file final_14.cif (mmCIF, C-alpha atoms and all ligand atoms)
data_protein
#
loop_
_atom_site.group_PDB
_atom_site.id
_atom_site.type_symbol
_atom_site.label_atom_id
_atom_site.label_comp_id
_atom_site.auth_asym_id
_atom_site.auth_seq_id
_atom_site.Cartn_x
_atom_site.Cartn_y
_atom_site.Cartn_z
ATOM 1 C CA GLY Y 1 134.484 121.750 92.470
ATOM 2 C CA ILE Y 2 132.242 118.679 92.112
ATOM 3 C CA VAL Y 3 134.443 116.508 94.340
ATOM 4 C CA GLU Y 4 134.275 119.028 97.171
ATOM 5 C CA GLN Y 5 130.540 119.637 96.729
ATOM 6 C CA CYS Y 6 129.265 116.134 95.954
ATOM 7 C CA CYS Y 7 131.870 113.607 97.088
ATOM 8 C CA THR Y 8 133.377 114.920 100.341
ATOM 9 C CA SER Y 9 130.078 116.781 100.961
ATOM 10 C CA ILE Y 10 126.566 115.736 99.911
ATOM 11 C CA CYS Y 11 124.927 117.242 96.785
ATOM 12 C CA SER Y 12 121.219 117.610 96.039
ATOM 13 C CA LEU Y 13 119.919 116.642 92.614
ATOM 14 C CA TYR Y 14 119.925 120.369 91.812
ATOM 15 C CA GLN Y 15 123.583 120.826 92.829
ATOM 16 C CA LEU Y 16 124.507 117.860 90.700
ATOM 17 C CA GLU Y 17 122.688 119.389 87.691
ATOM 18 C CA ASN Y 18 125.194 122.384 87.952
ATOM 19 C CA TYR Y 19 127.692 119.917 86.274
ATOM 20 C CA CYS Y 20 125.483 119.113 83.233
ATOM 21 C CA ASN Y 21 126.543 120.771 79.949
ATOM 22 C CA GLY V 1 149.163 90.830 96.040
ATOM 23 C CA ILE V 2 146.856 93.082 93.991
ATOM 24 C CA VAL V 3 144.815 94.164 97.022
ATOM 25 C CA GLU V 4 147.928 95.309 98.864
ATOM 26 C CA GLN V 5 149.418 96.997 95.791
ATOM 27 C CA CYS V 6 146.334 98.541 94.178
ATOM 28 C CA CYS V 7 143.566 98.743 96.777
ATOM 29 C CA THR V 8 145.207 99.642 100.106
ATOM 30 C CA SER V 9 148.009 101.346 98.111
ATOM 31 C CA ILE V 10 147.750 103.100 94.737
ATOM 32 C CA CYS V 11 148.785 101.300 91.510
ATOM 33 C CA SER V 12 149.966 102.850 88.247
ATOM 34 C CA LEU V 13 148.542 101.574 84.975
ATOM 35 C CA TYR V 14 151.776 99.590 84.606
ATOM 36 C CA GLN V 15 151.443 97.950 88.044
ATOM 37 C CA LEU V 16 147.890 97.019 87.214
ATOM 38 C CA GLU V 17 149.028 95.401 83.930
ATOM 39 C CA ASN V 18 151.164 92.951 86.109
ATOM 40 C CA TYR V 19 147.751 91.208 86.780
ATOM 41 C CA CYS V 20 146.832 90.685 83.085
ATOM 42 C CA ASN V 21 147.214 87.103 81.788
ATOM 43 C CA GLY J 1 117.415 96.306 108.141
ATOM 44 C CA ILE J 2 119.608 95.383 105.152
ATOM 45 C CA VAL J 3 121.966 98.334 105.657
ATOM 46 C CA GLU J 4 122.635 97.340 109.257
ATOM 47 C CA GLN J 5 122.980 93.639 108.425
ATOM 48 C CA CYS J 6 124.847 93.757 105.108
ATOM 49 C CA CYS J 7 126.483 97.170 104.747
ATOM 50 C CA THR J 8 127.723 98.200 108.209
ATOM 51 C CA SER J 9 127.997 94.470 109.073
ATOM 52 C CA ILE J 10 128.812 91.576 106.730
ATOM 53 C CA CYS J 11 126.020 89.361 105.309
ATOM 54 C CA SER J 12 126.274 85.763 104.113
ATOM 55 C CA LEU J 13 124.640 84.786 100.836
ATOM 56 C CA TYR J 14 121.808 83.345 102.942
ATOM 57 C CA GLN J 15 121.279 86.595 104.887
ATOM 58 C CA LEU J 16 121.194 88.485 101.631
ATOM 59 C CA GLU J 17 118.526 86.099 100.257
ATOM 60 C CA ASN J 18 116.232 87.291 103.196
ATOM 61 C CA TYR J 19 115.748 90.466 100.999
ATOM 62 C CA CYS J 20 114.560 88.603 97.855
ATOM 63 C CA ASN J 21 110.804 88.817 97.140
ATOM 64 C CA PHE N 1 145.152 106.907 83.988
ATOM 65 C CA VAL N 2 143.490 107.338 87.391
ATOM 66 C CA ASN N 3 145.937 107.206 90.366
ATOM 67 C CA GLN N 4 143.489 106.197 93.094
ATOM 68 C CA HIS N 5 142.805 103.283 95.389
ATOM 69 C CA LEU N 6 140.996 100.680 93.456
ATOM 70 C CA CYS N 7 139.178 98.067 95.392
ATOM 71 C CA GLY N 8 136.774 95.160 95.061
ATOM 72 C CA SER N 9 134.491 95.445 92.107
ATOM 73 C CA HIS N 10 136.279 98.677 90.928
ATOM 74 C CA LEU N 11 139.610 96.912 90.843
ATOM 75 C CA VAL N 12 138.160 94.060 88.765
ATOM 76 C CA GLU N 13 136.591 96.595 86.338
ATOM 77 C CA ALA N 14 139.895 98.363 85.964
ATOM 78 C CA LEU N 15 141.725 95.090 85.079
ATOM 79 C CA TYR N 16 138.964 94.137 82.676
ATOM 80 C CA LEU N 17 139.461 97.450 80.799
ATOM 81 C CA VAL N 18 143.260 97.607 81.011
ATOM 82 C CA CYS N 19 143.907 93.952 80.137
ATOM 83 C CA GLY N 20 141.541 93.722 77.194
ATOM 84 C CA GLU N 21 141.746 90.485 75.111
ATOM 85 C CA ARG N 22 144.501 89.169 77.437
ATOM 86 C CA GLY N 23 142.077 88.876 80.328
ATOM 87 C CA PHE N 24 143.362 88.901 83.892
ATOM 88 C CA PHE N 25 143.498 87.118 87.225
ATOM 89 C CA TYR N 26 141.874 88.420 90.410
ATOM 90 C CA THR N 27 143.428 86.677 93.384
ATOM 91 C CA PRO N 28 142.649 88.545 96.616
ATOM 92 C CA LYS N 29 144.033 87.434 100.027
ATOM 93 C CA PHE Z 1 116.936 111.445 94.849
ATOM 94 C CA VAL Z 2 119.699 109.887 96.961
ATOM 95 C CA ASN Z 3 121.332 112.322 99.462
ATOM 96 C CA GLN Z 4 124.669 110.555 99.908
ATOM 97 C CA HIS Z 5 128.326 111.123 99.183
ATOM 98 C CA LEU Z 6 128.934 110.358 95.601
ATOM 99 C CA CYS Z 7 132.458 109.749 94.557
ATOM 100 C CA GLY Z 8 134.616 108.616 91.659
ATOM 101 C CA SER Z 9 132.863 106.275 89.322
ATOM 102 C CA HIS Z 10 129.546 106.653 91.294
ATOM 103 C CA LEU Z 11 129.608 110.398 90.858
ATOM 104 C CA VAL Z 12 130.155 110.052 87.099
ATOM 105 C CA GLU Z 13 127.253 107.540 86.884
ATOM 106 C CA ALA Z 14 124.994 109.908 88.746
ATOM 107 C CA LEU Z 15 125.774 112.804 86.328
ATOM 108 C CA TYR Z 16 125.308 110.514 83.355
ATOM 109 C CA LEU Z 17 121.778 109.639 84.588
ATOM 110 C CA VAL Z 18 120.784 113.099 85.828
ATOM 111 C CA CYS Z 19 122.131 115.048 82.838
ATOM 112 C CA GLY Z 20 120.716 112.826 80.124
ATOM 113 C CA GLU Z 21 121.028 114.157 76.519
ATOM 114 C CA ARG Z 22 122.794 117.299 77.838
ATOM 115 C CA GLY Z 23 125.819 115.289 78.903
ATOM 116 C CA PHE Z 24 128.124 116.616 81.601
ATOM 117 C CA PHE Z 25 131.658 117.556 82.570
ATOM 118 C CA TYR Z 26 133.726 115.693 85.164
ATOM 119 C CA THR Z 27 136.569 117.914 86.295
ATOM 120 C CA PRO Z 28 138.100 116.620 89.539
ATOM 121 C CA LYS Z 29 140.942 118.462 91.360
ATOM 122 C CA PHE D 1 130.259 84.092 97.860
ATOM 123 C CA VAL D 2 132.006 87.325 98.868
ATOM 124 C CA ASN D 3 131.975 88.015 102.660
ATOM 125 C CA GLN D 4 132.436 91.788 102.574
ATOM 126 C CA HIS D 5 130.531 94.923 103.450
ATOM 127 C CA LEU D 6 128.126 95.626 100.710
ATOM 128 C CA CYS D 7 126.723 99.072 100.509
ATOM 129 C CA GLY D 8 124.619 101.376 98.363
ATOM 130 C CA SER D 9 124.751 100.546 94.715
ATOM 131 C CA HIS D 10 126.933 97.419 95.417
ATOM 132 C CA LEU D 11 124.350 96.038 97.791
ATOM 133 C CA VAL D 12 121.577 96.519 95.215
ATOM 134 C CA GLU D 13 123.727 94.780 92.543
ATOM 135 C CA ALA D 14 124.342 91.870 94.854
ATOM 136 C CA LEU D 15 120.575 91.393 95.511
ATOM 137 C CA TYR D 16 119.839 91.707 91.815
ATOM 138 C CA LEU D 17 122.274 88.828 91.091
ATOM 139 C CA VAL D 18 121.415 86.648 94.092
ATOM 140 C CA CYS D 19 117.628 87.030 93.851
ATOM 141 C CA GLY D 20 117.310 86.452 90.126
ATOM 142 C CA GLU D 21 113.718 86.086 88.775
ATOM 143 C CA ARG D 22 112.338 86.582 92.322
ATOM 144 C CA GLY D 23 113.497 90.184 92.391
ATOM 145 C CA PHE D 24 114.089 91.923 95.704
ATOM 146 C CA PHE D 25 113.270 94.874 97.926
ATOM 147 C CA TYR D 26 115.756 97.600 98.856
ATOM 148 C CA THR D 27 114.486 99.433 101.909
ATOM 149 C CA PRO D 28 117.270 101.473 103.529
ATOM 150 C CA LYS D 29 116.745 103.477 106.769
HETATM 151 ZN ZN ZN C 101 131.839 101.595 94.648
#
call {"tool": "encode", "arguments": {"input": "final_14.cif", "output": "structure tokens"}}
result
Amino acid sequence: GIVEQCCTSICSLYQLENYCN
Amino acid sequence: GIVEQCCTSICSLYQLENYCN
Amino acid sequence: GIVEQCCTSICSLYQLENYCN
Amino acid sequence: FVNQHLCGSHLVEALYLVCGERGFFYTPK
Amino acid sequence: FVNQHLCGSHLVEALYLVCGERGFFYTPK
Amino acid sequence: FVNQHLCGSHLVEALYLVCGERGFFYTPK
């Protein structure tokens, strides 16, 4: 999930866009 | 104080309301 | 730089003003 | 409500929201 | 774009900005 | 003034407030 990908790890702008609707 | 209860520990909504005026 | 002075260390108001234009 | 550590400016935002018209006091050590 | 850990309210701000009119979903564990 | 570590978006908010009409530069490593 987003916490694991972007908070405890680092997310690219593209990875973050995977959580847009 | 609030730092000890809510920052270094975790505070419930109710505990946080103890710091309203 | 500002990260080293103010983030990983602590900066006074005066030290922070060194980064105003 | 979130059950997380709330510190510094986040803690003050949380009180601002929770306390509403009452307002609040932020008295750190 | 920033390549940093983004957590809690910062993570939600980042999605808000990045996703724009699409909006987003914030589903923590 | 606060004497605390100020990082990332908090550091930029602090400069925004402190520097006022002057503006500021945020140049991380
Ligand atoms: Zn923060």
call {"tool": "closest_residue", "arguments": {"input": "final_14.cif", "among": "Z:6, Z:22, Z:15, Z:27", "to": "ligand ZN 101 (chain C)", "atoms": "only C-alpha atoms and all ligand atoms"}}
result
Z:6
call {"tool": "calpha_fit_and_write", "arguments": {"input": "final_14.cif", "fixed": "chain D", "moving": "chain N", "output": "PDB file with C-alpha atoms, in the frame of the given file"}}
result
ATOM      1  CA  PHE N   1     130.258  84.092  97.860  1.00  0.00           C
ATOM      2  CA  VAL N   2     132.006  87.326  98.868  1.00  0.00           C
ATOM      3  CA  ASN N   3     131.976  88.015 102.660  1.00  0.00           C
ATOM      4  CA  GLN N   4     132.436  91.788 102.574  1.00  0.00           C
ATOM      5  CA  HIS N   5     130.531  94.923 103.450  1.00  0.00           C
ATOM      6  CA  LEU N   6     128.126  95.626 100.710  1.00  0.00           C
ATOM      7  CA  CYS N   7     126.722  99.071 100.509  1.00  0.00           C
ATOM      8  CA  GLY N   8     124.620 101.377  98.363  1.00  0.00           C
ATOM      9  CA  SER N   9     124.751 100.546  94.715  1.00  0.00           C
ATOM     10  CA  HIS N  10     126.933  97.419  95.417  1.00  0.00           C
ATOM     11  CA  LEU N  11     124.350  96.038  97.791  1.00  0.00           C
ATOM     12  CA  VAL N  12     121.577  96.518  95.215  1.00  0.00           C
ATOM     13  CA  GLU N  13     123.726  94.780  92.544  1.00  0.00           C
ATOM     14  CA  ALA N  14     124.342  91.871  94.854  1.00  0.00           C
ATOM     15  CA  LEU N  15     120.575  91.393  95.511  1.00  0.00           C
ATOM     16  CA  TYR N  16     119.839  91.707  91.815  1.00  0.00           C
ATOM     17  CA  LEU N  17     122.274  88.828  91.090  1.00  0.00           C
ATOM     18  CA  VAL N  18     121.415  86.648  94.092  1.00  0.00           C
ATOM     19  CA  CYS N  19     117.628  87.030  93.851  1.00  0.00           C
ATOM     20  CA  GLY N  20     117.310  86.452  90.126  1.00  0.00           C
ATOM     21  CA  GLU N  21     113.718  86.086  88.775  1.00  0.00           C
ATOM     22  CA  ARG N  22     112.339  86.582  92.322  1.00  0.00           C
ATOM     23  CA  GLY N  23     113.497  90.184  92.391  1.00  0.00           C
ATOM     24  CA  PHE N  24     114.089  91.924  95.704  1.00  0.00           C
ATOM     25  CA  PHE N  25     113.270  94.873  97.926  1.00  0.00           C
ATOM     26  CA  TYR N  26     115.756  97.600  98.856  1.00  0.00           C
ATOM     27  CA  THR N  27     114.485  99.433 101.909  1.00  0.00           C
ATOM     28  CA  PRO N  28     117.271 101.473 103.529  1.00  0.00           C
ATOM     29  CA  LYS N  29     116.746 103.477 106.768  1.00  0.00           C
TER      30      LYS N  29
END
call {"tool": "closest_atom_pairs", "arguments": {"input": "final_14.cif", "of": "chain D", "to": "chain J", "cutoff": "7 Å", "atoms": "all atoms listed in the file", "output": "CSV"}}
result
residue,atom,partner,partner_atom,distance
D:1,CA,J:13,CA,6.4
D:3,CA,J:10,CA,6.3
D:4,CA,J:10,CA,5.5
D:5,CA,J:7,CA,4.8
D:6,CA,J:7,CA,4.6
D:7,CA,J:7,CA,4.7
D:15,CA,J:16,CA,6.8
D:18,CA,J:17,CA,6.8
D:19,CA,J:20,CA,5.3
D:22,CA,J:21,CA,5.5
D:23,CA,J:21,CA,5.6
D:24,CA,J:20,CA,4.0
D:25,CA,J:19,CA,5.9
D:28,CA,J:3,CA,6.0
call {"tool": "residues_near_ligand", "arguments": {"input": "final_14.cif", "ligand": "ligand ZN 101 (chain C)", "cutoff": "7 Å", "atoms": "all atoms listed in the file", "output": "PDB file with C-alpha atoms, in the coordinates of the input"}}
result
ATOM      1  CA  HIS N  10     136.279  98.677  90.928  1.00  0.00           C
TER       2      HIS N  10
ATOM      3  CA  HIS Z  10     129.546 106.653  91.294  1.00  0.00           C
TER       4      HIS Z  10
ATOM      5  CA  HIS D  10     126.933  97.419  95.417  1.00  0.00           C
TER       6      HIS D  10
END
call {"tool": "axis_aligned_box", "arguments": {"input": "final_14.cif", "around": "segment 2-17 of chain V", "padding_each_side": "6 Å", "output": "lines of an AutoDock Vina configuration file"}}
result
center_x = 147.7
center_y = 98.1
center_z = 92.0
size_x = 20.2
size_y = 22.0
size_z = 28.2
call {"tool": "atom_distance", "arguments": {"input": "final_14.cif", "atom1": "atom CA of residue 12 of chain N", "atom2": "atom CA of residue 14 of chain Z"}}
result
20.6 Å
call {"tool": "atom_distance", "arguments": {"input": "final_14.cif", "atom1": "atom CA of residue 9 of chain Z", "atom2": "atom CA of residue 17 of chain D"}}
result
20.5 Å
call {"tool": "atom_distance", "arguments": {"input": "final_14.cif", "atom1": "atom CA of residue 16 of chain Z", "atom2": "atom CA of residue 21 of chain N"}}
result
27.2 Å
